[PDB]
Each structure stands twice: as structure tokens, then as C-alpha cells.
Amino acid sequence: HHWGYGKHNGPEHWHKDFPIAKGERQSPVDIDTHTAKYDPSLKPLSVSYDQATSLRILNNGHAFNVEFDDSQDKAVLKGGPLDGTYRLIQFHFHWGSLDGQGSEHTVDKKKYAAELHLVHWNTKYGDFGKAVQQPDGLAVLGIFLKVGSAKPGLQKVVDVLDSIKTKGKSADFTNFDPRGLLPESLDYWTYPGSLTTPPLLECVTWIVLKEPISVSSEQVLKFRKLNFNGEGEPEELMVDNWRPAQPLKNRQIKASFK
Ligand SMILES: NS(=O)(=O)c1ccc(CCNC(=O)Nc2ccc(I)cc2)cc1
Ligand SMILES: [Zn+2]
């Protein structure tokens, strides 16, 4: 009876196995755009993805992860609110059953169709498993998806999903360039938070870009053909794999922009 996104094992149940679910810095949150304050001390974000080495795509039963070689400093995130160098390890998405829901963060209570998470770990902690035990261990770059024009740089991901339909399936996924998933502007909001899935560790500096990317209805329909189940189990479509907004508590969301 493992955690998931059903009526019986969904986000309102997670606190029984993971009591940090009711903690002081949980994610996601609603971004109240009027309450977020410009922080002129933040720096421009530095997204350095030219040497990124993708390896594999995995259906883990919760989402799909595009994994990177993080055994050297290739694809890194620096600057903004961050001290030091964070290495890209994987990206994944959260999405809805309908275009009106699917994001984890919200903006003035608006839900987007989906949300991309580019996950990075602080190199001063040596490995990803040590980094998740630290309050500044991870930096997750969050990007909203809205339905409209196709995102050409997403299509290579869309086209491999038939090969990882079910939980535990993986496929080789080399030479994928994550620069093709970024919007034009790197204007962002930032706040201290958590992983949005169990184990819900409070180890994330969240960096959420203001500018959504556009994907087509056909691209997101292909996400919704994935399965939560394993092969040879009853088909359960992988949709609504999002955690709703959590209390802000004693936190301030800072804006990089006026
Ligand atoms: N949605 S999100 O961006 O906030 C997000 C959710 C979850 C994760 C992965 C968490 N995995 C983990 O804690 N690692 C781990 C490693 C080694 C051992 I031994 C045990 C556990 C990444 C990003
Ligand atoms: Zn995520």
C-alpha cells in the first residue's frame, strides 16, 4: 500500500508514512505575485547546459525522469539565490488529466497544464544522496507548461514515451539538449522548500520561472497515455501526478524582477 496519487494513497495520506508532509517548509506553494517582493540582491540565474549528457529515460511509476551523467561538472545551475555549483541530475514533469490542472506551484491560484522540474544537487555534498539530507542540498528549476503552440525541443521526449509506457521501463536517451525546454526569460521567484513527493525532504531551493513554455495539446495528450502500473497490471493512466499547494508558513517568496 505504497504512496501515489489515488484516493487511497494520494497527497492527503502521505503524512502517515512521511510526517514531514506537515512540516515548516513544504512544497509546492501558491505564488502570490502581489506579496512576492523584488530582491535586488539576487543575481541573474546562470543555466549552463551546453555540455549536458543525457543517458536514459525511466518511468518510475510516479513520473518519467530524463537522467543525466552527473559524474562531472557539465550541466550546472549557479547564481540567482544559490551559493556554489549545482549539477543537473534529472528532469521530470507533473501534469493533469485536463488542461486546467497539472502544475504543482500555482500563480495567484492559477494552475497550469503541467510543470517541468530540472533537479540539481549542490556539489559541495559530493553525491545526490548526501545532498538531500541538507537544507541547501538541491536546487529545482520549475517551469510552467501551458497548452498552445508545440514546443519543438520537447518532441524527442514525447516520441520515446511509447517505449516506457509502464512502471520500471527505461530506454536509452542520449544527446537530448535541455536548453530546448527553457523559455526566453529567466525571470523567477524563489523560496526555500521541499521535494514535492515522498520522502518530502526539506532540502530544496526552489527557482520558479515566471514565463511558461507552450506545448501542444497533442504533446500533453502523449504524457497522459503513460501508465502508473507495471506491465501486465490493470491500466491506470499516469495523470494528475501533482501535489497541491501547501501552507507558506514562515516563508517569503522573493522575485528576481520588478
Ligand atoms: N518533484 S521534485 O522536483 O520536488 C523531486 C522529488 C523527488 C526527487 C527524488 C528523491 N529521491 C531521494 O530522496 N533520493 C534518494 C537517494 C538515495 C537514497 I539511499 C534514498 C533516496 C527529486 C525531485
Ligand atoms: Zn517534481
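The residues of the chain are indexed from 1 along the displayed sequence. Both counts, for ligands and for their atoms, begin at 1 and track the order of listing. Side-chain atoms are counted along with the backbone in the values below, which use heavy atoms only and exclude waters and symmetry mates.
- Among the heteroatoms counted here (N, O or S) of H94, NE2 is the one nearest to the Zn ion (ligand 2).
- Below 4.0 Å from some heavy atom of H94 lie the following atoms of ligand 1, by number and element: 1 (N).
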* To do: May I have the step-by-step check of salt bridge (charged side-chain N to carboxylate O under 4.0 Å, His left out) for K169 and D162, ending in yes or no?
  => CA-CA 10 Å; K169 291 195 167 298; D162 275 331; over 6 Å; no

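- Looking at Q26, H94, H105 one by one, the single match for side chain to side chain donor-acceptor pair (under 3.5 Å) with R243 turns out to be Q26.
- Looking at heavy atoms from C-beta onward, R179 lies in side-chain contact with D50 at the 4.5 angstrom threshold.
- Taking a 4.0 Å cut-off on heavy atoms, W206 registers as neighbouring ligand 1.
- At the top of the distance list for atom 17 (C) of ligand 1, counting protein heavy atoms only, stands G129 CA, 4.4 Å.
- The heavy atom nearest to atom 8 (C) of ligand 1, out of those in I89, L195, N65, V119, is found in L195.
- Within a 4.0 Å radius of atom 6 (C) of ligand 1, the protein has at least one heavy atom.
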* Asked: Step by step, would you call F91 with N65 a side chain to side chain contact (heavy atoms under 4.5 Å, CB included)?
  -> CA-CA 6 Å; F91 71 78; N65 291 350; over 6 Å; no

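- Remark: ligand 1 atoms within the under-4.0 Å shell around heavy atoms of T197 are 6 (C), 7 (C).
- Of the protein's heavy atoms, at least one falls inside 4.0 Å of atom 12 (C) of ligand 1.
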* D69/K74 under salt bridge (charged side-chain N to carboxylate O under 4.0 Å, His left out): CA gap, chis, key distance, verdict -> CA-CA 8 Å; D69 175 13; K74 293 165 172 190; 3.0 Å; yes

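- Proximity to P199 (heavy-atom distance under 4.0 Å) selects the following atoms of ligand 1: 13 (O).
- Looking at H117 and the Zn ion (ligand 2) together, the shortest N, O or S contact belongs to ND1.
- Distances shorter than 4.0 angstrom do not occur between any heavy atom of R243 and any atom of ligand 1.
- For ligand 1, the atoms sitting less than 4.0 Å from at least one non-hydrogen atom of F128 are 11 (N), 12 (C), 14 (N), numbered in the order shown with element in parentheses.
- Here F257 and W189 bring their ring centres to under 6.0 angstrom of each other.
- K110 forms a cation-pi arrangement with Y112, by the criterion of a distance under 6.0 Å to the ring centre and an angle within 45° of the ring axis.
- For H117 and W206, the ring centers sit closer than 6.0 Å to each other.
- Considering both main-chain and side-chain atoms, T196 comes within under 3.5 Å of ligand 1 through a nitrogen or oxygen pair.
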* To do: Please test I164 against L58 for side chain to side chain contact (heavy atoms under 4.5 Å, CB included), starting from the C-alpha separation and ending with a verdict.
  => CA-CA 7 Å; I164 59 154; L58 172 68; over 6 Å; no

